[PDB]
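Chemist: Here it is, the structure, as structure tokens.
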Amino acid sequence: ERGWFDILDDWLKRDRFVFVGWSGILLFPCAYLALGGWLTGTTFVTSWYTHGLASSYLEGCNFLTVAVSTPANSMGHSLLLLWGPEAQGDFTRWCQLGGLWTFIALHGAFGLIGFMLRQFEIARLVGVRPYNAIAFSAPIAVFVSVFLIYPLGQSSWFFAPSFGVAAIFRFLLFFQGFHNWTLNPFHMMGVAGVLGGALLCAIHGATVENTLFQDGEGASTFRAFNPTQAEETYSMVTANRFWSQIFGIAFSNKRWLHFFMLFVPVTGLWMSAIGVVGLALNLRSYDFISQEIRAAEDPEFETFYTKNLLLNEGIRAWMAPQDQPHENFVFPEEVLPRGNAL
Amino acid sequence: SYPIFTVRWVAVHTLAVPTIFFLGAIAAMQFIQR
Amino acid sequence: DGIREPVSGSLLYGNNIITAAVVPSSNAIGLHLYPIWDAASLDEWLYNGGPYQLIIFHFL
Amino acid sequence: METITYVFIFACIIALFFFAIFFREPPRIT
Amino acid sequence: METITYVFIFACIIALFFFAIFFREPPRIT
Amino acid sequence: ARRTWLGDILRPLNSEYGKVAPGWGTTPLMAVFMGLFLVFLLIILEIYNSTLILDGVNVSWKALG
Amino acid sequence: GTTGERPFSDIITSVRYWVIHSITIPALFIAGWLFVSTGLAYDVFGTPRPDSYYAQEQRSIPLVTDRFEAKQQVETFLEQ
Amino acid sequence: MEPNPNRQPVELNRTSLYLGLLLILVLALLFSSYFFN
Amino acid sequence: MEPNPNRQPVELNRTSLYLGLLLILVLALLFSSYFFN
Amino acid sequence: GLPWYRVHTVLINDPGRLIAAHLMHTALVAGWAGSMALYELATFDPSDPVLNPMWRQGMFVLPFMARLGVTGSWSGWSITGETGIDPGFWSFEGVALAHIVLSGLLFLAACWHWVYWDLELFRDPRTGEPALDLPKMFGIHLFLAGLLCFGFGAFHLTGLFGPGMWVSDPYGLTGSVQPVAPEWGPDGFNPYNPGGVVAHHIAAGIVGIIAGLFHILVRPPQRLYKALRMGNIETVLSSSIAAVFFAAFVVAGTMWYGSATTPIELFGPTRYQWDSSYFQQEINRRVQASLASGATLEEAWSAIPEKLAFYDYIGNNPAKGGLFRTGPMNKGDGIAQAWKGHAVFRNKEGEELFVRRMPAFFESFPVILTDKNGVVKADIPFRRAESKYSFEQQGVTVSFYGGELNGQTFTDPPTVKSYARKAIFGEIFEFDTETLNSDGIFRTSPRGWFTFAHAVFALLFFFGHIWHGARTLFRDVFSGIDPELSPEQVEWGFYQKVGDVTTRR
Amino acid sequence: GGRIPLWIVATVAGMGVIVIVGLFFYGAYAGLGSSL
Amino acid sequence: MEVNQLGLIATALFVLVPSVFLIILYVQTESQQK
Amino acid sequence: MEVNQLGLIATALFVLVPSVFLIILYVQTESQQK
Amino acid sequence: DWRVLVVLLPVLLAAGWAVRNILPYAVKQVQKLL
Amino acid sequence: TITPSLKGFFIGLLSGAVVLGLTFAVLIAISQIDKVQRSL
Ligand code: CLA
Ligand code: CLA
Ligand code: CLA
Ligand SMILES: CC1=C(/C=C/C(C)=C/C=C/C(C)=C/C=C/C=C(C)/C=C/C=C(C)/C=C/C2=C(C)C[C@@H](O)CC2(C)C)C(C)(C)CCC1
Ligand SMILES: CC1=C(/C=C/C(C)=C/C=C/C(C)=C/C=C/C=C(C)/C=C/C=C(C)/C=C/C2=C(C)CCCC2(C)C)C(C)(C)CCC1
Ligand SMILES: CC1=C(/C=C/C(C)=C/C=C/C(C)=C/C=C/C=C(C)/C=C/C=C(C)/C=C/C2=C(C)CCCC2(C)C)C(C)(C)CCC1
Ligand SMILES: CCCCCCCCCCCCO[C@@H]1O[C@H](CO)[C@@H](O[C@H]2O[C@H](CO)[C@@H](O)[C@H](O)[C@H]2O)[C@H](O)[C@H]1O
Ligand SMILES: CCCCCCCS[C@@H]1O[C@H](CO)[C@@H](O)[C@H](O)[C@H]1O
Ligand SMILES: CCCCCCCS[C@@H]1O[C@H](CO)[C@@H](O)[C@H](O)[C@H]1O
Ligand SMILES: CCCCCCCS[C@@H]1O[C@H](CO)[C@@H](O)[C@H](O)[C@H]1O
Ligand SMILES: [Ca+2]
Ligand SMILES: [Ca+2]
Ligand SMILES: [Fe+2]
Ligand SMILES: [Mg+2]
């Protein structure tokens, strides 16, 4: 009937400036700690003992080069809990060991669960279908595959992305040199979904804004709209004829159009996630075997595919000693691959 | 007429209070020399 | 790259859809305009990456 | 064989463009 | 691969027998 | 609909569609078991992860065999 | 409509808001300043001071190599 | 366009489907050995 | 036998045919290089 | 009509045809298992479990039969290399045959349930509408699952009435099917203790029997029945999909890290055994003990089993493959024939030098040789004009101990360099590259392919869970929102509690 | 209360942002992180 | 056995192309108004 | 080029099987009573 | 540690000052909720 | 016996229970003090 659970439900679902909900009990602490952990680490915390890197404002980094970096490779996939066997409750040591990385990754994962639960919860209270939550499954698939599954397949959390601007750029280039990730058709489908999604965003926004009905006298046309109005604010019929004559095809069904705007980027991100799950195992699209057989036997045969592998080989040889310090690589000058002069 | 301490008030200060503290810390850092 | 090191771009010359390309005109040409009628032959025009210039200028 | 296959798929896509444009379902106002 | 092909075609034929008999158009007097 | 010998035997097992116990019923007992199960999963995870390390429990191939 | 809280424009244009926050905002800023200027931030988080990344003679990075005695390993690296 | 009056529906009944699939599958069973050679 | 009342007709309109064939053909144009390897 | 992606929704209100479709799916899966086993038996070479075991040959279902005690063929061989064994009916072939016959019987049952869909059993006796009492069905099925789980553990895994399970030594040298007693202490939760697998099935089975009886006898609380929509079969689909992606992540994890249920003689070694030089350490331990016992270097290395050396080779590392490098590992480096022996490199001063091994991350890797302290002493240069460490300048030689090349020394620099290039892969083997026209490029093992498919499927089933959970909880708006949706229910200020008209201010 | 005009609050707050961000850019050229 | 490498694709298309033609015609006959 | 010999049948069926599925569904939609 | 007292003191002197300019209305908002 | 990491496990378990217990005690208390008003 009207017991403490229902009284709590009442208070959680009050219409207030920031809606809370049952999902908020998970979302707000985890989102706050993931964000607070990132700001704390990038402001004050080093990566000297895990990576041999400075990574905080305190050490002199700027917004582009600060990071919360992954733990050392010797930590393996340790949860690295503050009270765990590595830090043993020592907050300072925990920071030096990379404990803020798992802190942020794990509170971040549970925060993202909380956010998608929030999307379900609010949709149910307001009475709408939960397509926004469904679309959010693509961000979740990316986060889980890149920050959790990928390192879990590799030797340790060390090879996860570190949380920082330049750290992420390094992650991209590592994936080119070691995984040839641009060659992977699951990444290519990701690119198509992202660039196609951005294309749809731009073309739909521009089409609506340029097929508006004149619903007011102002030369600035934003005021000539009322949220409660029954009428479409732009002409689907004129938009359809325009694109039919420009491009050859056009939308004619507004419901399909808006579903497609969700489908394209959501599907692209999901495809990129599958490729990263493969790369967790080094199951790369690295080579074309027929290209390698021909090129090995025929020293005059050259394609852009063989050209890019040479670039990958330079990335690996020149970045690995400093990027993988636990390996203690010493590559004498004479073994480094390089072309003429450079 | 209006309440002063609300959920909104708490949410505002969980963000605002550390932000100002951090900005003071980062400001001090601009005068550190090696 | 104008160093007499021709890069194969076409399907029939050993490429697949992922590796094939229409290859830029030679570094020896630089920014010079290289239309078909400035070449001694189509064979020359092809070696030096003539198709790329025709394509990109008409495309733009 | 692989070149034939690649060009065949491409050719089918171009044919599809032609039908999708000139033999589309006509949009009808209702 | 050739054995698979032969056995596959044979298996499709046996399946067709099953549908041709038990899922036939019923003969109907009219 | 078609009655069969086996259908008649099974009929009571598919006859209480929609039947509920009043109110919250055994929900509190259920939550206790859910909590114990969460702790169980956390235990076996942290053992496998070497975050929880127990005497006589060497998480390796090379323990024995 | 709205959700009942006082409008922010009301709050941040009122004298009482600025009586309170002309104190609390500078006080927090100064506290953060001192957290750095006293050097306390280095010791809370274990971040090396500029003279503490390397010992004078060796030029090798004190990388953690031992998962379960890593805490004692940084401590040994720090005594140098 | 004005409708073309020469159009007609097309039919293939189930028996004809079964006869045709039998013809195709048996022809394939027969000729596949010579295709593999 | 008595008719099953749960049967429903199925539909694929022409636009969906064109979208689906485009998806299939483009996926094939994309993946075929990796199948030939 | 129904769009193409909804055709199967005609089963939602038709329990008999849903059962038929489930029978057909079950027939397809059982028929896949039988056909897959037959294909593997038609291609598997059983003549060498040392250097050509099943996991070098792309075998996927063979290790699952072996894991639970099917180890022999009607043709007389066993996967541990025995000859003249009698497996009885339950050989690999008998298992395949049983799955094919099962497939056909399930197919016939599907036809019957499709035609005779209108059984009185599927009608609610009060309303005459189609109805499944899903809460009680759960109890019945959970009770049955508990009994089977318990019996699998108590009889099969123990060998009390059944064959046991595959177990092996820590280095995967002497694996076999054995009866395994349950482990009832804390080490039963060690993933590498097989006795914990036995204890799990006994204890979880008993719990399943008890919970099943609870779920047969006690109705769901009204509050839970309404909240989870227990009258809607799609709620079961949603939570079943969740449980299945959980299980799929677990089996992906235990396949990749290794456990008592993913043994290395069946699925191949793990990447972590290469990362940690697990086999190299044991090899070195054994050689040092032989030497400390007075053995010569040749005798010490000749005492190393070829199977142990073969694990210490990166071509068996499952993290060395490619997504489109298809087939068995043998298709890459070749069919392993023999260990060449342990290569010892020395410079002209006679110092022993060690080749830096390739980490799994690297498709290619330079050749660098160090002394026992890690000081660089020789390498294969790229640019030659400033080379200081070339094998020619340093007088590098290589001598072999054990294996085919035991007692031999090579001094010709191209030959020494050739062997150094193989040493970055670990121990050096001779391969037959002709039989399969092998291309020389590394492929992953069934350990890798299993992990990939199940991690990918698990992630995709997360989407299915979200989708069907959404459809369950939002069924009333699946066709759109209420056309006369009260604008006060979504604007701010009207209701104290969001979506509750009884809290109107 | 509306005693303090919002345009003054905005102007002063914005100028404060410019000052502190300006300080951070100054710090890119002096002390730690300056490369010198 | 060293069979012709085109035998597989030849047999597959020999089966698939005419079988699909018949399936198309059958299904669209069933769907016509009765 | 030494391509995989199964690439051709893989690509052919990858195209043909789903394309045929859609054509079957389209044609029987057209033949339904209008 | 004197450095911790030094950093805390301005914050504590700020929260003490804000509670002295809000206690007339915070006790009122508390009693208003009964 | 109780190893250091099992003691750590108990510390984390108790810490999480305290956080959740305090969170719900506060939310329940607040929900009881500030109930929504409903019409008859
Ligand atoms: C409320 C949401 C929430 C969630 C989901 C998490 C989740 C997590 N936290 Mg975070 N945290 C939170 C809020 C949250 N936190 C808050 C409010 C604070 C500030 C106090 C923190 C501060 C914090 C720190 C400092 C750390 C974490 C860490 C973690 C991770 C490990 C947690 C663990 O093992 O607990 C185990 C405990 C439970 C799961 C509680 C369940 C209790 C069961 C159901 C009942 C048992 C009761 C028990 C029997 C009572 C007697 C105990 C007796 C045996 C002693 C996990 C990702 C660790 C981390 O991220 O490392 C990388 C870590 O170091 N959290
Ligand atoms: C979990 C499923 C699974 C796994 C892990 C394995 C594992 C294995 N198989 Mg088996 N097999 C399976 C199911 C599986 N199989 C099934 C269902 C069949 C019937 C088709 C077979 C029939 C089979 C044969 C005939 C053979 C194998 C072989 C093997 C071995 C080599 C695998 C290989 O080269 O893959 C290569 C994998 C890939 C190239 C990845 C394909 C990725 C697809 C194409 C992506 C599609 C993307 C999609 C179109 C995009 C949609 C986008 C849209 C949503 C917008 C390996 C041990 C070989 C072996 O060595 O036997 C001894 C062998 O000859 N398998
Ligand atoms: C136990 C697993 C399971 C079951 C029984 C269902 C059942 C259902 N689904 Mg769900 N779903 C699942 C898992 C499951 N799904 C997963 C893992 C995902 C994420 C991929 C989804 C995402 C999903 C969406 C987005 C939708 C459904 C819909 C439906 C309903 C109609 C489906 C239909 O008519 O397809 C007809 C399908 C075809 C005619 C051809 C599909 C061909 C696929 C794409 C490629 C071939 C796949 C190959 C044969 C699979 C081999 C097995 C695989 C495990 C490897 C039906 C109730 C639909 C619905 O809700 O309707 C109201 C719907 O829109 N499902
Ligand atoms: C009910 C329900 C569900 C299912 C719930 C299920 C299956 C629940 C089952 C829960 C189980 C089996 C829980 C078992 C818990 C066991 C525990 C916590 C054991 C703890 C043992 C400890 C701490 C021992 C510590 C020690 C050790 C290791 C060494 C010794 O020397 C010293 C000592 C004793 C302190 C679903 C699937 C989630 C659906 C929704 C509803
Ligand atoms: C970790 C941890 C934790 C937590 C903590 C926290 C929660 C924190 C927070 C913190 C925070 C919360 C912080 C904040 C900060 C902030 C900042 C630092 C900001 C800055 C900003 C700026 C600089 C700006 C910029 C800009 C932009 C962005 C755009 C516009 C323009 C400009 C340029 C202005 C605990 C204890 C639980 C436990 C242990 C661990
Ligand atoms: C009738 C009958 C019979 C017979 C039976 C039989 C003969 C059966 C068979 C069966 C079979 C023989 C089956 C098979 C099946 C199969 C399957 C079901 C498959 C599937 C597959 C799939 C699904 C795949 C997929 C994929 C691909 C293709 C690519 C890659 C990726 C993936 C994996 C996704 C007998 C005498 C008993 C008597 C009684 C009656
Ligand atoms: C790789 C394999 C490729 C094989 C390709 C085979 C293509 C086969 C094309 C079949 C053509 C069928 O063409 C189809 O005919 C039917 C009648 O039969 C027409 O149907 C028309 O007549 C029927 C009469 O019953 C009406 O119900 C329907 O409303 C009307 O439109 C369809 O409008 C037309 O689309
Ligand atoms: C927080 C987890 C959700 C647990 C829900 C269990 C509700 S418990 C519920 O509480 C009521 C209090 O008046 C009692 O009347 C009722 O008998 C009791 O079962
Ligand atoms: C469908 C064909 C059935 C053929 C039956 C041959 C039975 S053979 C029989 O099978 C037992 C299985 O455990 C063995 O233990 C036993 O030694 C063996 O002789
Ligand atoms: C100059 C060549 C020296 C002779 C021995 C070379 C290293 S060993 C050599 O490696 C090959 C792969 O490269 C294997 O296929 C082959 O079985 C093996 O003999
Ligand atoms: Ca100085
Ligand atoms: Ca060859
Ligand atoms: Fe729109
Ligand atoms: Mg500076």
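Here chain A follows Swiss-Prot, giving residues 11-352 in order.
In case you wondered, yes, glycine gets a Cβ from its N, Cα and C as well.
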Chemist: Between A:170-193, A:194-217, I'd like to know which one Swiss-Prot lists as transmembrane segment.
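Modeler: Of A:170-193, A:194-217, Swiss-Prot gives transmembrane segment for A:194-217.
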Chemist: Tell me if the membrane topology in Swiss-Prot places A:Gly163 and A:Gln106 on the same side.
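Modeler: Swiss-Prot topology: A:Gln106, A:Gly163 on one side of the membrane.
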Chemist: Which stretch from A:109-131, A:141-160, A:194-217, A:266-288 shares the most C-beta pairs under 8 Å with the transmembrane segment (A:32-53)?
Modeler: A:109-131
Chemist: Of the binding-site residues A:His117, A:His214, A:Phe261, A:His268, which sits closest to A:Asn142 (pheophytin a binding site) by Cα distance?
Modeler: A:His268
Chemist: Within 10 Å of each Cβ, count the other Cβ atoms and name the one among the binding-site residues A:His117, A:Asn142, A:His197, A:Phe261, A:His268 with the highest count.
Modeler: A:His197
Chemist: DSSP on A:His268 (Fe cation binding site), three-state: which is it?
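Modeler: Looking at the DSSP assignment, A:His268 (Fe cation binding site) belongs to a helix.
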Chemist: With a Cβ cut-off under 8 Å, give me the same-chain residues at least six positions beyond the ends of the topological domain 'Cytoplasmic' (A:132-140) that come close to it.
Modeler: 23, 29, 31
Chemist: Helix, strand or coil: which one is A:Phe261 (plastoquinone binding site) in, per DSSP?
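Modeler: Note: A:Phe261 (plastoquinone binding site) is coil by DSSP, not helix or strand.
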Chemist: By the DSSP assignment reduced to helix, strand and coil, which category contains A:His117 (chlorophyll a ChlzD2 binding site)?
Modeler: helix
Chemist: Do any residues, 6 or more residues outside the topological domain 'Lumenal' (A:161-193), come within under 8 Å Cβ-to-Cβ of it, and if so which ones?
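Modeler: Result: 48, 51-52, 57, 60-61, 65, 73-88, 90, 108, 111-112, 114-115, 285, 287, 289-292, 294-297, 315, 318-319, 321-326, 329, 333, 336.
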Chemist: I'm trying to understand the geometry here, so how far is the Cα atom of A:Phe261 (plastoquinone binding site) from the Cα atom of A:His268 (Fe cation binding site), in Å to the nearest whole number?
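Modeler: That separation, Cα to Cα, works out to 10 Å.
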Chemist: Can you count the other CB atoms that lie within 10 A of the CB of A:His214 (plastoquinone binding site)?
Modeler: 16
Chemist: Starting from the Cβ of A:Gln129 (pheophytin a binding site), draw a 10 Å sphere and report how many other Cβ atoms land inside it.
Modeler: 19
